[PDB]
Undergrad: 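The structure's right below; bear with me while I get my questions together.
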Number of protein chains: 2
Amino acid sequence: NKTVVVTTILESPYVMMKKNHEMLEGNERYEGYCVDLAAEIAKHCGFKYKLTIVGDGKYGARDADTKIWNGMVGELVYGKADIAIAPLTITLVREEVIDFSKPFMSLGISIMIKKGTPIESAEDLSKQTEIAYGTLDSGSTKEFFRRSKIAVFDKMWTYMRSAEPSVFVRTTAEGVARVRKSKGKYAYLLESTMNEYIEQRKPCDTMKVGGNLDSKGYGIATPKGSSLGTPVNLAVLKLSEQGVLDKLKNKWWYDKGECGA
Amino acid sequence: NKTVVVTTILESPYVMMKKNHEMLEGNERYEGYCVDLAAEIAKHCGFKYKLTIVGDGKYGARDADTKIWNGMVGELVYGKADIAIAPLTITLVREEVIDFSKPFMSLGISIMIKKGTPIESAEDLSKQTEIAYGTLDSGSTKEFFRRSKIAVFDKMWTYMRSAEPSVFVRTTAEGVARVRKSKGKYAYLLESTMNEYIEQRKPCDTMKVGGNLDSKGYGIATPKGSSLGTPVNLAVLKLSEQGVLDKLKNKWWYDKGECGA
Ligand SMILES: CC(C)S(=O)(=O)N[C@H]1Cc2ccc(Cn3cc(CO)c(C(F)(F)F)n3)cc2C1
Ligand SMILES: N[C@@H](CCC(=O)O)C(=O)O
Ligand SMILES: N[C@@H](CCC(=O)O)C(=O)O
């Protein structure tokens, strides 16, 4: 029995720095959905743990030249972290080199606009040029478009990969900031979960439009062959069944809404 | 390399007998979402297979006295089938004795009424007595209510377990038949997937009402420690990503709709 190093990422409402964080030390610097979930998984698996923010601030992609994984995936892979507890999407390129528990939350790629933007769908975006759009770097959303064989999404990806200036953003906060400050002339593609939280946060100037483009989920990830893999997974199933996963969704989404009803 | 025995269950639109089935032999007797999915999993894993309907017609529960599993779970457990490819819900009591791939489709428990029934929610059902309601025997929906510690669902379960005549049904077709032929005086609790298919099938006299009561999914199941476990799971992830899972949902739900738009 050894203290587990948890890799995670600063992403609202999953993991956020408390406002008085310079007061505080350790796990107490952080609050969020995945902070709460880590404390539940650690209880049901019987371990002690250290929350730690991914040094490079990325989710995880592999450089096509070096074949080096960055982000939280690379933290696991190179043995710097023992478990990743974060909105980290379950994908094939990833499930190869790490293990994922069953999905604790569902999401699909969605479109965020400034209120008033004449865009209702992904089709609407691919058929025009006035409103720019993009995704996050180093993540599952970017790769969905890169590797897509569907007509509209390949059209979107060819626009996106060569557009000037860049339509790609380093953090979600950056994509959101660009929607808000671009006067309706940028739309952001992000996961439905993140979009729905932000949609209900002041200044209440963004909106989610269109149906989800895919159906995926987030998993707890452990390095390939870890002894934490099976206990962690039974713990997700059990918290599902206890209603604890729904209760934490309500806490950090619905109860945090500032944009009316 | 040996021919895989697939256990599955007659449930619309997942697996149905073709109308000329007495013409036909083998896998060709059957059509459906899970028929199509079995053919994809078998291709991507490189195996040959036999579709076979569970002899007892159940999903899988364990007798509390004998501790014997019935249904498709018990077919796997006692080594009669090699893989279960069906709308079989991923649960903790089950993930113990069998392995489940990641979820290929999502569902929640939902409420089906005859059109015109004054019921909008699960709360509405628990607070009245004129309209009877129940679930399927030997399945995850029945166990959700039995083991629930939430107020409304425990209230529902206490009513349901001792109501006369029985509110429990052996097959989904039976629950649906009871809604249709009970003049609004029975409501059925079933998975949202099954409800949404039936809702769009003639005589177009049922309706799904209220939000889902839980968030679960169906998995492909193999006996604990099978060599098919990891290939099958990579195949679900890959078909997800190829869009094949969405394409098969559309085929057997949206394209099969007879109740207008
Ligand atoms: C293999 C890929 C398709 S995936 O990304 O891993 N799965 C997708 C599709 C889907 C379906 C349902 C659910 C919901 N769900 C929650 C739980 C609780 O562990 C579960 C449980 F695992 F228990 F079924 N499901 C999520 C997702 C995302
Ligand atoms: N959850 C995604 C990041 C968000 C996005 O790509 O939109 C990932 O794990 O890569
Ligand atoms: N899919 C469920 C059966 C349907 C239901 O219980 O409503 C199971 O695997 O047990």
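Computed from heavy atoms alone, side chains included, the values below leave out hydrogens, waters and symmetry copies. Naming: A, B, ... by sequence-line order, numbering from 1 per chain.
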Undergrad: Is any side-chain N of the basic residue among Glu241(A) and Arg147(B) closer than 4.0 Å to the acidic one's carboxylate O?
TA: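 Here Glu241(A) does not pair with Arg147(B) in a salt bridge, since their nearest N and O are not under 4.0 Å apart.
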
Undergrad: Can a donor-acceptor pair be found, under 3.5 Å and without considering hydrogens, that links the side chain of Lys102(A) to the backbone of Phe100(B)?
TA: yes

Undergrad: Is it the case that more than 12 heavy atoms not belonging to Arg161(A) sit under 6.0 Å from its CZ atom?
TA: no

Undergrad: Work out which heavy atom in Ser215(B) is nearest to a heavy atom in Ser240(A); give both atom names and the distance.
TA: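 Residues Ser215(B) and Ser240(A), closest heavy atoms: O-OG, 4.0 Å.
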
Undergrad: For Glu96(B), look at atom CD and say whether over 12 heavy atoms of other residues, nucleotides or ligands are found less than 6.0 Å away.
TA: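 Enclosed.
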
Undergrad: Taking the side chain as everything from C-beta on, heavy atoms only, tell me whether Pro103(B) gets closer than 4.5 Å to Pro103(A).
TA: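 With C-beta onward as the side chain, the pair touches.
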
Undergrad: Does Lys256(B) have more than 12 heavy atoms from other residues, nucleotides or ligands lying within 6.0 Å of its NZ?
TA: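 Yes, NZ of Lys256(B) has more than 12 neighbouring heavy atoms, counting only those of other groups under 6.0 Å.
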
Undergrad: Could you tell me the separation between the CG atom of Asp214(A) and the CG atom of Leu245(B), rounded to the nearest 0.5 Å?
TA: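 Interatomic distance, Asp214(A) CG to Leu245(B) CG, rounded to 0.5 Å: 11.5 Å.
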
Undergrad: A quick test of your reading: do over 12 heavy atoms of other residues, nucleotides or ligands sit less than 6.0 Å from CD of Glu120(B)?
TA: no

Undergrad: With rounding to the nearest 0.5 angstrom, report the CD to CG distance, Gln242(A) to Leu92(B).
TA: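 Answer rounded to 0.5 Å: 9.0 Å.
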
Undergrad: In Å and rounded to the nearest 0.5 Å, what is the NZ to OG1 distance from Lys238(B) to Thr91(A)?
TA: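 OG1 of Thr91(A) is found 13.5 Å from NZ of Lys238(B).
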
Undergrad: Could you look at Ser101(B) and say if it's the side chain, the backbone, both or neither that has a heavy atom under 4.5 Å from chain A?
TA: backbone

Undergrad: Below 4.5 Å from any heavy atom of chain A, which atoms of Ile90(B) appear? Answer side chain, backbone, both or neither.
TA: both

Undergrad: Report, as yes or no, whether the 6.0 Å neighbourhood of atom OH on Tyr78(A) holds more than 12 heavy atoms from other residues, nucleotides or ligands.
TA: yes

